[PDB]
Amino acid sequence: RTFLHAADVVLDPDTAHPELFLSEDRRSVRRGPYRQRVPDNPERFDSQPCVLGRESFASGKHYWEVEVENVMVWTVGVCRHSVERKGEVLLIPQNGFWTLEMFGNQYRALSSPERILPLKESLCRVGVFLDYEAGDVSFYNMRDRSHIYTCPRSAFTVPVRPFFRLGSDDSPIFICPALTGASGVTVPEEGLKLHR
């Protein structure tokens, strides 16, 4: 009904700019040392170093969490599933992108230089919040679950997807899997202790 979903987000290799290298579990990405031999399929970002989450939301409330520790240049947010991928695209609401980025050591709303977020501190884990019907894309510091930014209310119209950009060469972006408990694992007599 009106439940918040803690979404499980896996990256889509068919959308990934060729400089982006996906982990084997597809839950993390790093900008690697060249341009992989990947087809220029129409869902692939060919210029902007971007990748989408595979999952798409068409209603209700969803959030997921992104680890960005030791990444200089990154973008997180939501996009229309059908946004333009090809050429020097503007990552702004008008083209169906709702984003937070780190650029020149600052936090910037809607990939804009006229929107600095004067955060007192460094973000390690970012929460990306979507209320589909409310037109709401919001961002959180998951250190203390403090609000960072809500994008201007937009009607989404079509399904939306998790959006990512990795500018820097420096460290991976990790998408935090949704908690699963012991799902699919043996729980012995004393319980399952410190699973990894």
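In case it trips you up, residue 1 is the first one in the sequence shown, and so on.
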(request) State which stretch shows the higher mean Cα B factor in the entry: 20-28 or 176-184. (result) 20-28
(message) On mean Cα temperature factor in this entry, is 150-158 or 128-136 the higher one?
(response) 150-158
(message) Looking at the C-alpha B-factor values in the deposited entry, which of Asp170, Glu43, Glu55, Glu65 comes out highest?
(response) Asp170
(message) Using only modelled residues of the chain, where does the Cα B factor of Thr75 rank: lowest third, middle third or highest third?
(response) middle
(request) Could you say whether, by C-alpha temperature factor, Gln48 belongs to the lowest, middle or highest third of its chain? (result) highest
(request) Please rank the C-alpha B-factors of the chain's modelled residues and tell me whether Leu117 sits in the lowest, middle or highest third. (result) highest
(request) For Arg37, return the chain-relative third of its C-alpha B-factor as stated in the PDB record: lowest, middle or highest. (result) highest
(message) Could you place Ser111 in the lowest, middle or highest third of its chain by Cα temperature factor, using the values in the record?
(response) highest
